Amino acid sequence: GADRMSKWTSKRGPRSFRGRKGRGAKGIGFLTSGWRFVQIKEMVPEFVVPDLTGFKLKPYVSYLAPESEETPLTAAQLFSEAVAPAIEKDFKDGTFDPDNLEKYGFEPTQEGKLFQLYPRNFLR
Amino acid sequence: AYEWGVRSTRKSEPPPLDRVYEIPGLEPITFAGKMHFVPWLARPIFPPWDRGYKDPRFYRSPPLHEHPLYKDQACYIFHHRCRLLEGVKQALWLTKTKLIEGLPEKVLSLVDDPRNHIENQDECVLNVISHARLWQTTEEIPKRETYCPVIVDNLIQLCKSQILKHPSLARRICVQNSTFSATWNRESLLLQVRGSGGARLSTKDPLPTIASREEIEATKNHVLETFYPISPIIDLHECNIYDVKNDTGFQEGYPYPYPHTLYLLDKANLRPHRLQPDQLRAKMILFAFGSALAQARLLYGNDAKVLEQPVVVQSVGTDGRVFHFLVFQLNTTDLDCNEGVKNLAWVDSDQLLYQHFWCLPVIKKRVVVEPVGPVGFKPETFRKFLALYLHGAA
Amino acid sequence: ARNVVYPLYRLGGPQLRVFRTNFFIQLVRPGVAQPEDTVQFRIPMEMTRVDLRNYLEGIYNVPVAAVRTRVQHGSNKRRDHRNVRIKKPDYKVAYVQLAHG
Amino acid sequence: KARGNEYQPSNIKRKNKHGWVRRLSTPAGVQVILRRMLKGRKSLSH
Amino acid sequence: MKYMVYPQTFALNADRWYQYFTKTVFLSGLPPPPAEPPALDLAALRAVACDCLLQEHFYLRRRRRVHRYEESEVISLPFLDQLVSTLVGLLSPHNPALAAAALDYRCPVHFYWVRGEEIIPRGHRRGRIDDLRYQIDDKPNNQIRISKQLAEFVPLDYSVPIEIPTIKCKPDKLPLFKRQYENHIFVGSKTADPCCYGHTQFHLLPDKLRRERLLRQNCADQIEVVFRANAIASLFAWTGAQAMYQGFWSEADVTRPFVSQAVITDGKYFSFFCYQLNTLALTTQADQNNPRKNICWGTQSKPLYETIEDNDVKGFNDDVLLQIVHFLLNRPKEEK
Amino acid sequence: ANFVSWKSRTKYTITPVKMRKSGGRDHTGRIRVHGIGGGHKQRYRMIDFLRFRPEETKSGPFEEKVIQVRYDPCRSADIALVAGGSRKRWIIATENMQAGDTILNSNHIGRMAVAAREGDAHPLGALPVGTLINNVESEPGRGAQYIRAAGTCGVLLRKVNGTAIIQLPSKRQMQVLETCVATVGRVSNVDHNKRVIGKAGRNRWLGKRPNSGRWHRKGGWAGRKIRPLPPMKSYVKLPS
RNA sequence: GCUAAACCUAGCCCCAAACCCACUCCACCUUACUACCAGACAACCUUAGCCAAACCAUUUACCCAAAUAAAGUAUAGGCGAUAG
RNA sequence: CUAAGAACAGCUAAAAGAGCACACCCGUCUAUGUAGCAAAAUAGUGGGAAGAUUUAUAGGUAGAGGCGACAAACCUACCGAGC
RNA sequence: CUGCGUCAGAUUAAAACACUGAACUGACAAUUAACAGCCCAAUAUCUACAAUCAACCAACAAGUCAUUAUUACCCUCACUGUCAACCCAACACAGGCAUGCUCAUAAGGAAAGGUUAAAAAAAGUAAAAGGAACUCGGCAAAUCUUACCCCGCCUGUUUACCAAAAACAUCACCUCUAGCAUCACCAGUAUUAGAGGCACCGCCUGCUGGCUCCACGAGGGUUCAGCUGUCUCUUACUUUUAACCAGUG
Ligand SMILES: [K+]
Ligand SMILES: [K+]
Ligand SMILES: [Mg+2]
Ligand SMILES: [Mg+2]
Ligand SMILES: [Mg+2]
Ligand SMILES: [Mg+2]
Ligand SMILES: [Mg+2]
Ligand SMILES: [Mg+2]
Ligand SMILES: [Mg+2]
Ligand SMILES: [Mg+2]
Ligand SMILES: [Mg+2]
Ligand SMILES: [Mg+2]
Ligand SMILES: [Mg+2]
Ligand SMILES: [Mg+2]
Ligand SMILES: [Mg+2]
Ligand SMILES: [Mg+2]
Ligand SMILES: [Mg+2]
Ligand SMILES: [Mg+2]
Ligand SMILES: [Mg+2]
Ligand SMILES: [Mg+2]
Ligand SMILES: [Mg+2]
Ligand SMILES: [Mg+2]
Ligand SMILES: [Mg+2]
Ligand SMILES: [Mg+2]
Ligand SMILES: [Mg+2]
Ligand SMILES: [Mg+2]
Ligand SMILES: [Mg+2]
Ligand SMILES: [Mg+2]
Ligand SMILES: [Mg+2]
Ligand SMILES: [Mg+2]
Ligand SMILES: [Mg+2]
Ligand SMILES: [Mg+2]
Ligand SMILES: [Mg+2]
Ligand SMILES: [Mg+2]
């Protein structure tokens, strides 16, 4: 007589079932002896809210604007806008070598970085 | 012989290695690259793994021999949970002391006159017993882990009301959660006592000596009784990872350095978890010896000789209904040999404060046979408790 | 944030920081009489009271003293023309008390 | 005596007997899920 | 079903709520001294106060490391028990009543009372009159019970020009939770105990309600609330239970005031409170025409010491120490 | 079935270890022995059946003092707690054993026999012929397995060429080496077989369930049928 | 004249042809759809029987890779039923 | 069957698979009912009710079988062999 | 798992009703943690002495609760359960349903839709004189009652849904098998274990068989006395049913 086609949630089951099931919220600590919960400050996501005083942009855009075509950003486009200008100046000067690619901005490895790209270790 | 642990409950033998590993110059093809198990590929051999950082929740201690405080010679530790097999007879040999039945005359003479007795003393003790076992909590019959400590704190509080007659009781306090350490040798046996739990009555003045000089010198003719084949270190925690260190429990500068009395409580609901009357007195003697030995070493250094001013430490051990009294005097700190000066210990055994307590009336055939209250109350037992508390202040 | 993978934390690790959050709360009028300082919000299930405490202080600069949350069950009794149960989504109700009176 | 009430609901028993973990424990129960996946069952287990 | 009233509570403005539950008006300061017709050594009391204080922090050697969450239950708790035990012995010459007094360590105090009415909103009992029942299960760290009753602070008919706060919503919004269990009226001992009158209570706030944590939770103005919310609930439950032991209840209201004292501390800061139970009739049937109300006096929290460094106490306060002595020196009036 | 034996402890101790009943069920979960189930809960007390087990720091003959002789639920006989040196262990008590008695455990075989005392453990090569023995072992280092039950006692019939003949309680002879350690005297609870159960309820207290109600015509002789030979097949039954 | 009665699509069937699908974020072998800790558990093994032989007991057809033909032929088989 | 729990007033009696007798368990007799309140119930009268008792929870034994104080009983309201 | 809270609805069948109609539809609202759940660094090492007011005493069925040494560690209150007139029986079903309190309530409820007062049927009450003459049978009812026989020692167990027994089990007795260990038997060892017969005990017997007997029984018969509408011989009244009116069907 049980409903097998309804979502199984923490509101169903005995006491042991109800307390063990959650709602999707991430854990921010661990349980120690004596059923005492220790909250870790670093596990709590801290919001980086910027100062919005004197900010020009607003939630909406005025209709009196041109209908510019959409140009998705690509890796080739970003390389030309950022890294290519520096290489051209160094290429003309004649001081260019693959050993110095780290100076242009290339990262041989992601280890030792606060924000690794793959696998990423930062939230949205 | 018969081994303990059936082979089914033990960890099963790991499966035999695949025969690809037995062929030299041949690299096996395993599922280590797939990061999951498959049956049609060889089982990889994983090298041992280290976490790489210290995690308190998942810490593993180094092997025992790698511990810094590791000694080949074992040290036998006596604590609150040790239950000696021979009781007092085993405790007397470890502490090198002579047993004397009955409390000293000087201690008992303090409460011999009616002038030092408490006003309405008999009624006050009955109300302390009645409150502890009947009126203490909401439940009709409180457990022993509840009235055993309370019945002792109230008696101390009852004896602490005599400051009006004796202004010398204002120089003492009751310390809880106090510990001490004491290390010595008994025939090439390194022994250590780590007392904890109970109440430690501290005083600003040391207790006066009980036995005279001639009585102490008469202990050389006494010989310690043996209990072969049972070893003196039986039922002791034989530990190879220890630290020989003397500790009075307090740092230098404590206003109440001299211990007066140790109160020991067997507050356990289960009878097997409670020390026997013979074993409880054994715990008292070792703790009284351990507390007195730390004072002797702190004041007279870490030598081994006959003390010029012997230290007297009292102890009262109770089960909540049965009381044991001990007066231990430390006469020497050279315990390696069995000859010479030996310590003295006055012990009173099996002192009943009350024979039985009825928390409910006994109604048989609609007749109240036994009313609520203590049965067989002995006021003489509390006099001994009062005499020990009044020692050093009268 | 919700529907994202939180980077794992170990002892000595960096502070977990979120720069863009997808949590959207909505202030609602309580259906029952409430204390004056009490404020009621509807928050996503993934949101905790610790996150909501920093959410209001960090974004709206609202000092908060106590946050209490509960999960509200959505009725599954409604059925359509096919006799198939229609589920009202469950939402979490948060009760926020102002700090300085 | 009176019959018809043989079913006494219990979530612990229901999940342990007909659960997803219980089905996949044995190769025979995996085919039970495979048949229901082939048939198109809305619920493959409890 | 009855509301579980917790004296040491994390609820905001719980003092204002508990005044309505107990019909108590809170007054600043202490009761006025009675203008009515030995040598007290302050130095001896000051030394013992520091010796007991320094014993737990510095002198006593811990076998294992004491953690932050264990400070209340390993350092603060033994200090409170030991300080009271020594003070009652040092004040016995100055107050004979303390000698024949019962001192308790962490004994439960229960009081069950009925105040208010509600109309059940839902269920088969909807629309029916059901009384609001309350239960206080308080376990003070220390308390002193005496055979005689202390003198009243103000007369029974005395009234103040202060209105008792009234809640506009249901008690569930405190938050307060209902639970059905055994109803107890307990002063700390059974009715057979001769020492059925209370003298002074000693409370230790839990580390969850510590001053430092409330500052992180923007509860700076709630620091004083926790002290007087515990006092109002604990003392009303204590005085109310004492009145019940004397045969008084809602219909047979008390004929004489019942008073008690309380000292609320977190280990460092101390607060002192005095309570008088003028009325025990709180049911809507009996409180409709009841003119009198219970009175509670309170002091601001003050630190006993500023900082403990090694074996020296910095900024020790004798005013806080003397206030503890005056509470203990209070004795019932003697007959002719 | 997810059956795990409770016999997982690997370190000897005198502490009573909690054991779980089987009900006649094997590891598969099906009944393998009938009539077993229920009864009062019992805690198993580990018994050291190797009487001569010198300590780690000691060797040779040693002595033990009996502390207490008590009741053991697991076995018919009583057990005794003995202390030798710095250890305590459970052994099977003899008929005449009290608290305070001293027992001797040795592996020495002298040229002549020695005065055998009840409860002492000596090798079979140093015991007089005919002395009652119990808790014998097949080979040295094997441990006592035979003559364990209450009141049981063996007989040292003869000793020849380093081997001895042991008469088991079932009146069967057994040949073992003379270096096997045995206990002198009978086992405790001699009048154990003289007990009266009294009621069917007491058998359910011991963990024994009632026998099956089926009338089994099968038996040792009734169930097994001798096949008549063709010559004798004619005379099997004659009408009367 | 009420209840009703009528309707033409939705889609489907059989062929031909050609070898099909499954990463938006999040969760999913633990009690699936559950962020986050020492495992070592691992897969493979003739189908049988109904039915026919008027019972049944040997036996009794089941695509194995080219339609047709050789040919229901050589063979097999309680030399029976039938198989081939 | 296993694990770890719970329950049994009062009275007579005695350290009782004792007696009376509630809760509780069972279902002796009679009557009602027979598409019924009920695919086995109701009312009264009865047996047991400190024990081989009753009972909640989780686990185990599965059909060539299980389990059974043998009634060819029971194994999810057709078990001489479940669906 | 939102299933008599609010509001609205062309609304309108919950086995009658219904405008506020509402246990229907739609929308809105809600149950806030202190209770409960979710626990614990490693390695060794410890844990003979029940419970029952635990003190007497008396047991067997032998039991439901304990650490230390060293190393590591001083960050803090998150998450989930919280409603109701509710669950299992196809139903708003006289059934089934664990524990704590209340032991007659301080809580929770309504047997009669209206009428009439035929038969028959059900339940209950009363009855002259007689008191089992009724009947397969003192079944039912009334009363509060004696003496046996048969069978089974007894408590207990069984055909859930026609058989509760004389059947099974049962101490006690008896037969048969087995000389031993690391998953049942068993962490046991012939005073043990298993497979069986019989059904205690006591007496008698062979070298296994027959009687006696204590209590006990919703077993099967018999009987004294009483009791009574069981009957001679039925009658009166009340309730349900009944019949009529209205709704549903
Ligand atoms: K046929
Ligand atoms: K019968
Ligand atoms: Mg279903
Ligand atoms: Mg919550
Ligand atoms: Mg069904
Ligand atoms: Mg059930
Ligand atoms: Mg048998
Ligand atoms: Mg039989
Ligand atoms: Mg055929
Ligand atoms: Mg046929
Ligand atoms: Mg009985
Ligand atoms: Mg009875
Ligand atoms: Mg049965
Ligand atoms: Mg039969
Ligand atoms: Mg038959
Ligand atoms: Mg069936
Ligand atoms: Mg909690
Ligand atoms: Mg009512
Ligand atoms: Mg009528
Ligand atoms: Mg009618
Ligand atoms: Mg008549
Ligand atoms: Mg007749
Ligand atoms: Mg009858
Ligand atoms: Mg019978
Ligand atoms: Mg009998
Ligand atoms: Mg019977
Ligand atoms: Mg039947
Ligand atoms: Mg039955
Ligand atoms: Mg029947
Ligand atoms: Mg029979
Ligand atoms: Mg007749
Ligand atoms: Mg007659
Ligand atoms: Mg008539
Ligand atoms: Mg009609």
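Using 20 Å as the cut-off for backbone N distance, which residues of the range A:1-36 belong to the label zone defined by a point 7 Å from the Cα of F:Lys18 along Cα→Cβ? What the label zone holds, given the 20 Å backbone N cut-off, is A:34. One chain, two ends: B:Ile23 and B:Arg51. Fully extended at 0.36 nm per residue, the span grows by 6.8 nm beyond their Cα-Cα distance. Relative contact order of the range F:1-106, taken over Cα pairs closer than 8 Å and 6 or more residues apart, is 23 percent.
Mean per-residue shielding of peptide E:85-94 is 4, counting Cβ atoms of other chains within 10 Å of each Cβ. Taking a virtual spin label 7 Å from the Cα of F:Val114 along the C-beta vector, which residues in the range F:83-99 bring their backbone nitrogen under 18 Å of it? Correct set: F:84-85. Peptide C:8-17 has a mean of 6 when you count, residue by residue, the C-beta atoms of other protein chains within 10 Å of its C-beta. Here the relative contact order of the range D:4-46, from alpha carbon pairs under 8 Å that lie six or more residues apart, stands at 39 percent. For chain B, the direction-averaged projected area of the alpha-carbon convex hull comes to 33.2 nm².
Counting neighbouring Cβ atoms within 10 Å and putting the fewest first, the residues B:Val175, A:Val48 line up as A:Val48, B:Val175. Exposure proxy shown here: for E:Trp17, A:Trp35, E:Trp238, the number of other Cβ atoms within 10 Å sets the order, fewest to most, as A:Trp35, E:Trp17, E:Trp238.
One quarter of the convex hull surface built on the alpha carbon atoms of the protein assembly as shown amounts to 86.5 nm², the projected area averaged over directions. Taking every alpha-carbon pair under 8 Å whose residues sit at least 6 apart, chain B reaches a relative contact order of 22 percent. The alpha-carbon of E:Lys168 sits under 12 angstrom from the alpha-carbons of these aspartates and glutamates, leaving out residues fewer than 8 places away in its chain: C:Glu36. At an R0 of 25 angstrom, the distance between the Cβ atoms of F:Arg209 and D:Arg3 translates into a FRET efficiency of 0.30.
With neighbours defined as other Cβ atoms within 10 Å of a residue's Cβ, the residues A:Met43, E:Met4, A:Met5, F:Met97 order from fewest to most as A:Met5, E:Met4, A:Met43, F:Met97. Eigenvalues of the alpha-carbon gyration tensor of chain E, scaled by 5 and square-rooted, set the equivalent ellipsoid semi-axes at 34, 25, 18 angstrom, largest first.
Can you bin chain C into rounded, prolate or oblate? Criterion: square roots of the alpha carbon gyration tensor eigenvalues sorted a ≥ b ≥ c, rounded for a/c under 1.5, prolate for a/b above b/c, oblate for the rest. Note, shape of chain C comes out oblate.
Could you state, as a whole-number percent, how many of the C-alpha pairs of chain A are farther apart than 21 Å? Across chain A, Cα pairs with separations above 21 Å total 75 percent. All other residues with a Cβ under 13 Å from the Cβ of E:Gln19 taken together, and with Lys, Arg as +1 and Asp, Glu as -1, what is their net charge? Its environment carries a net charge of +3. Label reach from E:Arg256 (point 7 Å along Cα→C-beta): in the range E:182-196, amide nitrogens under 17 Å belong to E:194-196. Global dimensions of the range B:228-384 from alpha-carbon coordinates: Rg and Dmax equal 20.6, 71 Å. At an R0 of 22 angstrom, the distance between the Cβ atoms of B:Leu299 and B:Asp72 translates into a FRET efficiency of 0.10.
Seen through its C-alpha gyration tensor, with square-root eigenvalues sorted a ≥ b ≥ c, the range F:107-187 comes out rounded because a/c lies under 1.5.
Of all beta bridges that DSSP places with both ends in the protein assembly as shown, some 80 percent have antiparallel geometry.
Within the range B:67-393, DSSP assigns beta bridges of which about 75% are antiparallel (rounded to the nearest 5). Label positions at C:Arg42 and F:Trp221, each projected 7 Å from the Cα along the C-beta direction, are separated by 9.1 nm. Rounded, prolate or oblate for chain F? Axes are the square roots of the Cα gyration tensor eigenvalues, ordered a ≥ b ≥ c, and the cut-off for rounded is a/c under 1.5. Here chain F falls in the oblate category.
Here the Karplus relation 6.51 cos²θ - 1.76 cosθ + 1.60, evaluated at θ = phi - 60°, turns the backbone of the range B:321-326 into coupling constants of 10, 10, 10, 10, 10, 9 Hz, with x for every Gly and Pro.
Label separation (E:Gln288 vs F:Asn161): 11.4 nm, computed from points 7 Å beyond Cα along the C-beta direction.
With the simple model of a label 7 Å out from the Cα in the direction of the Cβ, C:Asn76 to E:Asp318 spans 7.3 nm. Length gained on full extension, E:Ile162 to E:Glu70, computed as 0.36 nm times the residue gap minus the Cα-Cα distance: 29.0 nm. Between the helical axis of D:27-39 and the longest alpha-carbon principal axis of chain D there is an angle of about 80 degrees. Residues whose amide H falls under 5 Å from that of F:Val82, counting only those 5 or more places apart or on a different chain, are F:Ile67, F:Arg89, F:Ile91, with hydrogens built in the peptide plane. Ellipticity at 222 nm from helices only: DSSP H runs of n ≥ 4 in chain B, each -39500 (n - 2.57), divided by the residue count, give -6000 deg cm²/dmol. As a calculated quantity, the FRET efficiency between F:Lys171 and F:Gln145 at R0 = 25 Å, using C-beta atoms, amounts to about 0.85.
The numbers here are math on the coordinates, done by the rules we state, and not lab data. In this analysis, Cβ positions are derived from the backbone assuming ideal geometry, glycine residues included, and neighbour counts consider all displayed protein chains.
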